[PDB]
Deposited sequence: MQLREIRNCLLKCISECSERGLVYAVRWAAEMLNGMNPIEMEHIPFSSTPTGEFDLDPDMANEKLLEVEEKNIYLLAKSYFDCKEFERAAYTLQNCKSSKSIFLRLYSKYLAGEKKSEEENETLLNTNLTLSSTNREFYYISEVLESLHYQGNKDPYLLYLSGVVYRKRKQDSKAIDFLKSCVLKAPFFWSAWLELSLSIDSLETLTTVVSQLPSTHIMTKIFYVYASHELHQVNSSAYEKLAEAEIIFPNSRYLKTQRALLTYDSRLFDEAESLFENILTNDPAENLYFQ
């Protein structure tokens, strides 16, 4: 009955491959095989490993409602995030979606409880933008990226929440100036605002030395040369 290591090894190898139906089955078996014999965050992730693995399996089979139901009493922010995302995926993120208010509320309660997991901060940041609360969206998205600096989707929503060169200059002065992503952001943002100057080209060159054969950076260079030319 400690054989269930074989279920884990299967779940791992099949998810890697991505044999989703094989995983789903293995997860279902894994859960419901008897009682099994921030620091606090990872500890809850260990407690919910099996329950998460299951929900994610349902999620990868597009069985979203079931994925959310699976993690209904789960306290880890990974589980909470997945639950909330799965919920949204029934019927990117919009006000007309049936689950949207519910998400909002769940995220509000979590903020008053002093949660600041980046992916939930991200979610918060997204929802506030959609509700035309730009200055609050920036607040949450800024926090997110400080904690999760290589999480591109948060930088994009951040750029979308910024509507002036002032508001931009402000935010940029609150991010790690030396950090590679702060630079990659400033090039993206400056372009999307069309307030492209010397420093943007300077920073893009600095990024290209790190990522010489990146399609994204190549597309940015094209976009900068085109803005300057008008």
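Coordinate coverage of the deposited sequence breaks at 1-3, 41-59, 114-129, 269-291, these segments carrying no C-alpha atoms.
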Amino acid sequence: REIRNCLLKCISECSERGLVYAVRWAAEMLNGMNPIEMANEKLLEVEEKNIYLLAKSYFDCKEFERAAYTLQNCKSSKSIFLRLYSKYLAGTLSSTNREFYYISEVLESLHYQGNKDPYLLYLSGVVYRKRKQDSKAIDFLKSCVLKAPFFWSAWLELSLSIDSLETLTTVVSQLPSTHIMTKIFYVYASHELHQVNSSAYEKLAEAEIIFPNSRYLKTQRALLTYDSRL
From here on, numbers count along this sequence of modelled residues.
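The stretch with the higher mean CA B factor, choosing between 179-187 and 28-36, is 28-36.
When the two stretches 15-23 and 217-225 are set side by side, the higher mean Cα temperature factor goes to 217-225. Highest CA B-factor among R131, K147, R98, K78, as stated in the entry: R98. Note on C61, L44, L168, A67: the highest value goes to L44, judged by CA B factor as recorded.
Remark: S57 belongs to the lowest third of its chain, ranked by C-alpha B-factor as recorded.
Among all modelled residues in its chain, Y102 ranks in the middle third by Cα B-factor. Ranked by C-alpha B-factor against the other modelled residues of its chain, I162 falls in the lowest third. In this PDB entry, the Cα temperature factor of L82 sits in the bottom third of its chain's modelled residues, the lowest group. Split the chain's modelled residues into thirds by C-alpha temperature factor. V126 is in the middle one.
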